[PDB]
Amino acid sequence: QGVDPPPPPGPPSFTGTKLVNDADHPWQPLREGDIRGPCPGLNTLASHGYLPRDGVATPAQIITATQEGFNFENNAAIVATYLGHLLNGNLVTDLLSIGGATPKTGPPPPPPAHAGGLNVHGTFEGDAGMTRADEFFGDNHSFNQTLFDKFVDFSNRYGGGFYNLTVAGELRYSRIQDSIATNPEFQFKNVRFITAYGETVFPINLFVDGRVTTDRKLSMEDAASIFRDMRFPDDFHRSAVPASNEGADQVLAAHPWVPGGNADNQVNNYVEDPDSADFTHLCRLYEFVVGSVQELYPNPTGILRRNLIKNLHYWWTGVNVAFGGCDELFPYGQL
């Protein structure tokens, strides 16, 4: 009949570097029913047992895993986790698939809500990723070797064979151009516009070993290990400080860009959206997402309503800090 969802964990007691690829967290191959998805971070944590190996977890487990495994900053973990859960998780059972649909999240919610996992396109997951192809081409979750080859190419061209912040600036823009030219349904606004810049620096701030203090750069072996094999590098030590999206500002500055999309189902037809969230208008993202939640849950009652209210509030606690102050919305009132 359902779960009473606890408030998110706070920051880890210990925030220094440590060995995360350790004896208690061995890489293991997928079993039947194991779920993986578009996030290499969560994929790696599942394949090393920081998350349940089946790829279905509670928000709390996801937060603690991103902190333990990678030293993902607490508020960043809260913003990402409850966004993913509100849109893509089962709020009654308190379970989120890090990939596609699975019986493991329990009894489905009332449509149009789906609990279909992070694979679901269009509000969270979106286009112009680094190692995953746009949903328009048929597969938004699998590793794509051609895209990784371009990652390697750009690292060779701008990063001395390593992925660093200069590479990120160039790759991000080029991937936007690929999608403009080839994807008639290309959207790059709202959540996706914001998350697309952060994801390009996560490899630098989080996938680079934490003992490397200076000239942080990711090797292609380590990139392949994580992005393709869902495997931590041997002897991997997490970031020495809580981190998230440091440097995302510089990635945008290298090639200034404006939220929007290809209009009228045509390539090479990018039109700007002036209503979208952007980096100086972050609270729009909060309002947009609360709107999206109302579309998914038009008239909840009982445990569903209760859990919506709590998750919405938990999300806001993170958003309020991360976005520098947003007025809390109460689409379902109070408990």
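One-based numbering along the sequence shown.
Stretches 195 to 203 and 251 to 259 differ in mean C-alpha B factor, with the higher average recorded for 251 to 259. Relative to one another, 206 to 214 and 95 to 103 have unequal mean CA B-factors, and 206 to 214 is the one with the higher figure.
Across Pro110, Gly159, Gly84, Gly116, the greatest Cα temperature factor reported in the deposited entry is at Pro110. Set against one another, the Cα B-factors of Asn307, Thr58, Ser276, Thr66 in the record reach their highest point at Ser276. When all modelled residues of the chain are sorted by CA temperature factor, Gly122 is found within the highest third. In this PDB entry, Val152 carries a Cα temperature factor that places it within the middle third of its chain's modelled residues.
Annotation for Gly324: CA B-factor lies in the highest third of the chain's modelled residues. Among all modelled residues in this chain, the alpha-carbon of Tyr297 has a temperature factor (C-alpha) in the middle third. Compared with the other modelled residues of the chain, the Cα B-factor recorded for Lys189 ranks in the highest third.
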